[PDB]
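Examining the three-dimensional arrangement
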Amino acid sequence: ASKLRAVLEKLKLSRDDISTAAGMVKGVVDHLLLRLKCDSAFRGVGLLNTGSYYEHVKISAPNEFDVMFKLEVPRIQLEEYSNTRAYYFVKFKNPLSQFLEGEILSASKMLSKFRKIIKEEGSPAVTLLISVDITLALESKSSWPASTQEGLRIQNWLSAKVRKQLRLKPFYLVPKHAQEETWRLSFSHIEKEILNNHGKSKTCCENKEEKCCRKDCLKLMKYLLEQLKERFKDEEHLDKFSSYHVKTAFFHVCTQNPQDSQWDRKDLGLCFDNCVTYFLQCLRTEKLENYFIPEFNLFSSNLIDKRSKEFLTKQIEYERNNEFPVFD
Ligand SMILES: Nc1ccc(-c2cc(Cl)c(Cl)c3[nH]c4c(c23)CN(C(=O)CO)CC4)cn1
Ligand SMILES: [Zn+2]
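The scheme used for residues numbers each chain from 1 in its written sequence order. That scheme is not guaranteed to match the entry numbering, and residues without coordinates are omitted from view. Chains and ligands are labelled by the order in which they are written, letters from A for the one and numbers from 1 for the other. Based on all heavy atoms of the structure, the side-chain values leave hydrogens and waters out of the count.

Structure determination for this entry is recorded as X-ray crystallography, at 2.405 Å resolution.

The name given to the chain in the PDB entry is Cyclic GMP-AMP synthase, with Homo sapiens as the source organism. In the Sequence similarities part of its UniProt record, the chain is described as follows: "Belongs to the mab-21 family." UniProt positions are given in the numbering used here, feature names are shortened, and annotations may be inferred rather than shown by experiment.

The following block contains the structure:
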């Protein structure tokens, strides 16, 4: 209870120092974006909005930032790869013809040029050095792919109006490989909008009478994983897990507990325990549905070994029964 709020305060004091570092990262980005704009192939490159840096996977490592460069392109048509609901080949119907390999757009070819232009100056295409990961993403203004039709189950939490409005925004495709020329769907912009506008009430966390602990629970779940990943970094059974798994599980708990009253700031310990319990259930049953693509199991044996899940299950059960020693 009091231990949880002490961790958040230590995290908060850690964030203030990078306020000056933000402009330092934001300077390198504003430059690199201009240099990429001079190449004919990257004319329509820009920052993925709502903030230059998305502050990486690590809540406990403010030294490393994460930035996404979106590439506006003509109308995209997609071909699903091998029944994997998230990976696709990209096809056309001007300057990107150089990266064409028949009809399929070559991720390896565009990444190689993306890297060459920056060097002289693929989930992260380049990592600069205080680290900065840069991801190239294709912007598509088409309707969201069919695999997202039963995802984003926010209707009883953020309303069906908002889900309708959110699904009118573009989606994004990042060169991730399953096959070395597929692209992976990305909804980082939607995830940020949900986190920063998270309550059933439109004025959640806008006044002191409506302070919920939704954000604090996510910070704590991210800190728990990073601490465990750092403690057991040499054991290799936690390499697969990332903050995306914790964020995904958190969004399911929001769907599961849609009322702001279920996230009262004075129930932080119970609310954090709700997220820990749901994340364990996903580990034990090896089922963590992608929040936007319900058929993509993030905890499938294809992606993460069963022994890794029960290792993490074992460690989280330990921390839970010992009142989380890795926090102090
Ligand atoms: N093996 C994996 C893991 C996950 C996915 C994945 C899948 C979908 Cl559909 C979406 Cl929308 C995704 N967004 C992100 C990921 C992702 C993975 N990811 C990280 O793990 C951060 O280090 C970036 C953020 C596909 N393959
Ligand atoms: Zn709130």
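The structure having been displayed, the exposition proceeds.
Turning our attention to the site of ligand 1. Around ligand 1, a shell composed of 13 residues is seen, among which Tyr87, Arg184, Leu185, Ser242 and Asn290 lie nearest. Alone, ligand 1 offers 560 Å² of accessible surface; in the complex the protein occludes 76% of this. The classification used treats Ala, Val, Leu, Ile, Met, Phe, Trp, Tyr, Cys and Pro as nonpolar, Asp, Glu, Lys and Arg as charged, and all other residues, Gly among them, as polar. Grouping the constituent residues of the shell around ligand 1 by class yields 10 nonpolar, two polar and one charged. For the shell around ligand 1, the two domains that each supply at least three residues are domain 1 (1-13 + 144-170 + 187-328) and domain 2 (14-143 + 171-186). Any residue with a non-hydrogen atom lying within 4 Å of a molecule or strand is treated as near it. The protein chains shown are the only cover counted for residues, whose accessible areas, like all others here, come from Shrake-Rupley with a 1.4 Å probe. All domain edges in this entry derive from an automatic or database-based domain assignment.

On to the coordination of the zinc ion (ligand 2). When a metal carries six donors in an octahedron, the ideal angles between them are 90 or 180 degrees, while four donors in a tetrahedron ideally lie at 109.5 degrees. Distances from the zinc ion (ligand 2) to its protein donors, namely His198 (NE2), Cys204 (SG), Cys205 (SG) and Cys212 (SG), fall within the range 2.1 to 2.4 Å. Coordination shells were defined by N, O and S atoms within 2.8 Å of each metal, extended to 3.2 Å for Na, K and Ca; water is absent from the atom set, which can make sites look incomplete. Square planar and octahedral assignments, for four and six donors respectively, both demand that opposite donors be over 155 degrees apart and that all other angles lie between 65 and 115; tetrahedral needs four donors with all angles between 85 and 135 degrees, and anything else is irregular. Its four donor atoms give the zinc ion (ligand 2) angles of 95 to 127° at the centre, a pattern that matches the tetrahedral case. Binding-site remark: the zinc ion (ligand 2) is held by donors from one chain whose sequence spacing is H-x5-C-C-x6-C. For the exposure calls, accessible area comes from a 1.4 Å probe over protein chains only, and a residue counts as buried if that area is under 20% of its type's maximum, exposed if over 50%, partly exposed in between. On the basis of relative accessible area, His198 is assigned to the buried category, the value being 7%. A residue is classified by how much of its surface remains accessible, and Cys205, at 24% relative accessible area, is partly exposed.

Our next topic: helix α3 (residues 107-119). Along an α-helix, residues three or four apart share an orientation, since each turn contains 3.6 residues. Helix numbering and strand numbering both begin at the N terminus, where a helix is a DSSP run of H or I of at least 4 residues and a strand a DSSP run of E of at least 2. Residue count minus one, scaled by 1.5 Å, sets the expected span of a helix. The end-to-end C-alpha distance of α3, which contains 13 residues, comes to 18 Å, matching closely the 18 Å that a straight helix rising 1.5 Å per residue would cover. Within α3, the full set of buried residues consists of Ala107, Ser108, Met110, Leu111, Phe114, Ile117 and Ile118. Any two residues having at least one pair of non-hydrogen atoms within 4.5 Å are treated as being in contact. Among the structural elements, α2 (18-38), β2 (65-72), β6 (104-105), β7 (126-128), β8 (132-140) and β10 (183-186) are those in contact with the buried residues of α3. Counting of polar contacts relies on pairs of N or O atoms within 3.5 Å, with two restrictions inside protein: one atom must be capable of donating a hydrogen and the other of accepting it, and residues adjacent in sequence are counted only when both atoms are side-chain atoms. Two or three places before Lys109, at the opening of α3, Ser106 has a side-chain oxygen 3.1 Å from that residue's backbone nitrogen.

Domain annotation for the chain reports domain 1 (1-13 + 144-170 + 187-328) and domain 2 (14-143 + 171-186). Spacing between the C-alpha centres of domain 1 and domain 2 amounts to 25 Å. Contact with domain 1, which involves 23 residues of that partner, is made by 26 residues of domain 2. The term buried area refers to how much accessible surface (probe radius 1.4 Å) is lost by two components on association, counted for both of them together. Carbon and sulfur atoms make up 62% of the surface buried where domain 1 meets domain 2, a total of about 2,100 Å² over both sides. Broken down residue by residue, the surface that domain 1 buries against domain 2 is led by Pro170, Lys192 and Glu226, which jointly contribute 25%. A carboxyl oxygen of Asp or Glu within 4 Å of a side-chain nitrogen of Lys or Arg is what we treat as a salt bridge. There are one salt bridge connecting domain 1 and domain 2. Put simply, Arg85 and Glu295 hold a salt bridge, and the shortest N to O gap is 2.7 Å. Counting across the interface, domain 1 meets domain 2 through 12 residue pairs in polar contact. A per-element tally of the side of domain 1 that touches domain 2 places helix α6 (residues 214-231) first, with six residues.

Next up on the list: α6. Spanning 18 residues, α6 covers 26 Å between terminal C-alpha atoms, matching the ideal 26 Å at 1.5 Å per step. Within α6 the residues assigned to the buried category are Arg214, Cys217, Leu218, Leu220, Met221, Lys222, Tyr223, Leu224, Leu225, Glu226 and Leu228.

The next thing to look at is the layout of surface pockets. The probe, sized like a water molecule, is rolled over the atoms to show the empty space still left. Cavities and pockets are defined on a 1 Å grid built over the protein atoms alone: a cavity is a set of grid points where a 1.4 Å probe fits but cannot escape, while a pocket is an open set with protein on both sides within 12 Å along at least five of seven lines, and lining residues are those with an atom within 4 Å of any such point. Grid points are joined across faces, edges and corners, and a volume is the space filled by probe spheres set on the points. Approximately 510 Å³ is the volume found for the second largest pocket. The wall of the second largest pocket is formed by 17 residues, among which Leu8, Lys12, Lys215, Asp216 and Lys219 lie closest to the centre. For the lining of the second largest pocket, the secondary-structure elements that each account for two or more residues are α1 (2-15) and α6. Broken down by element, the lining of the second largest pocket gets its largest block of residues, six residues, from α1. Its residues placed into classes, the lining of the second largest pocket shows six nonpolar, one polar and 10 charged.

Turning our attention to the packing of aromatic side chains. For any pair of aromatic rings, geometry is given as the distance between the ring centres together with the angle between the planes. Working definition: a ring pair exists when centres of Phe, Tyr or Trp rings (six-membered ring for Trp) sit within 6.5 Å. Plane angles under 30 degrees give stacked, over 60 give edge-to-face, the rest tilted. Using the criterion set out here, one finds 20 aromatic pairs in the structure. A centroid spacing of 6.4 Å and a plane angle of 75° characterise the contact between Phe69 and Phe114, whose relative ring orientation is edge-to-face. Both residues of the pair, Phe69 and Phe114, belong to the buried class. Between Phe250 and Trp263, the aromatic rings sit 5.9 Å apart at their centres with planes inclined by 65°, giving edge-to-face as the arrangement. Here the residue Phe250 occupies a position in helix α7 (residues 243-256), and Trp263 occupies one in the loop between α7 and α8 (268-285), the gap between them amounting to 13 residues.

The next point concerns the UniProt feature "binding site: 2',3'-cGAMP" in the chain. Here, UniProt's "binding site: 2',3'-cGAMP" annotation points to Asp66, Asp133, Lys176 and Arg184. Assignment of secondary structure puts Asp66 in strand β2. Looking at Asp66, the relative accessible area reads 19%, which means it is buried. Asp66 has contacts with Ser52, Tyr53, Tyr54, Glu55, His56 and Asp133, leaving out every residue within four places of it along the chain. Inspection of the secondary structure assignment puts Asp133 in strand β8. Residues contacting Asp133, with those up to four places away along its chain left out, are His56, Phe65, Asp66, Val67, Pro124, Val126 and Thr127. Side chain to side chain, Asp133 and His56 meet in a polar contact 2.8 Å long.

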